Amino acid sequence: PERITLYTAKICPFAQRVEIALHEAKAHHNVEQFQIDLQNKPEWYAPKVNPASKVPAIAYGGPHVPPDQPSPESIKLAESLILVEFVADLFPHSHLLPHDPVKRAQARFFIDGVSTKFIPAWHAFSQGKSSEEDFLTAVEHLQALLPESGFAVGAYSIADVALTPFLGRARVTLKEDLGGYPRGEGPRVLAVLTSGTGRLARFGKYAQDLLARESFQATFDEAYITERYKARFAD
């Protein structure tokens, strides 16, 4: 494939989707990463890379240039789920996209549940807006799609890429009591989510497997995330 520059940020789970995808394709050492400071974005980022002014975004092809001077001739691409499929399409030996048309649809349907159920329910609960039960129910939607063993469609896929960055950050929030509830309530909900027992037993096992995946650990600065999350809660 042509040259890839990835504009990302350690804090952002949507960006980590693309870092995981690249690592699964064993291409993480072929791509140039540029870290965007989301509190002080470069003035050239929105006009020259991504008018939405968000990470992730990729610059594809074109000449060799410094990443803070992206070329007009590279193709600019945004939206994390689209970029994960692009990486899958460019590096087929990653095996991120299943060959079988039914398994592809089932992987993408799982992603739809991550998008429309897990993430909004996690955001609402972690922000103190909604109930614990609203979050757990959304998790049960995903659990019910899981096969008896393995990842979301058996073999690891784009489905697992989409979810994992949000799971790993939810763990930090809950482990550290940053979820807006009294001390100890965070850790109890974490245990429900990941113990492997109880109402979310099957999801718990799956969660253990997602967080053990090499690509996740390699793209996840737990110390940095935990520090940012404590500071944010402190306000």
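All residue numbers refer to positions in the sequence shown, first residue = 1.
- Higher mean CA temperature factor, per the PDB entry, when comparing 11-19 with 211-219: 211-219.
- The PDB entry reports B-factors from which the mean C-alpha value can be compared for 101-109 and 146-154; the larger average falls on 146-154.
- For the set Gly61, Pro182, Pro42, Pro70, the PDB entry puts the maximum C-alpha B factor at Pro182.
- Taking the PDB entry at face value, the top CA B factor among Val65, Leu190, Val49, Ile36 belongs to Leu190.
- The PDB entry assigns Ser130 a C-alpha temperature factor belonging to the middle third of its chain's modelled residues.
- Looking at the C-alpha B-factors along this chain, the one for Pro56 belongs to the lowest third.
- Placement of the Cα temperature factor of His95 within the chain: highest third of the modelled residues, per the deposited record.
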